[PDB]
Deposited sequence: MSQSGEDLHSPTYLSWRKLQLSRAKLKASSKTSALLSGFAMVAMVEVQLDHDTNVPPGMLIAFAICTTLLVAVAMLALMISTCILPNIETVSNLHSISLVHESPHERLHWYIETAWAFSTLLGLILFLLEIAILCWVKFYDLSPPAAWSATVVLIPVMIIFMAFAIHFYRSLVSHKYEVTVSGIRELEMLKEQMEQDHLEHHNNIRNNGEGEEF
């Protein structure tokens, strides 16, 4: 079904965030909190893991549970991708303009709320 398109797009976005994480240049005199770097690593690795799980589920193809799991994996991949973009802009700009990073956060807040509410809705209806 729509599994192949989801696999393609999720793998593309995962690798995209991966090379983005590759091309981040920091320094031992950075002002970013260590928790920010920890969150960066956790978010990037979780995005990669969720995309890979979606790919494996697509490769796997009582069936309704599997379809819902595939759709939920795609949704969570989108969630983690947006959060990763937020963290990446934060770590890119915080060394110069803290207001720039804060503005990026407050401009990705509403769509994040929308997707979280959408995720809770499907999760509630997911078995």
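Where C-alpha coordinates are absent, the deposited sequence of this PDB chain has the segments 1 to 23, 85 to 107, 174 to 214.
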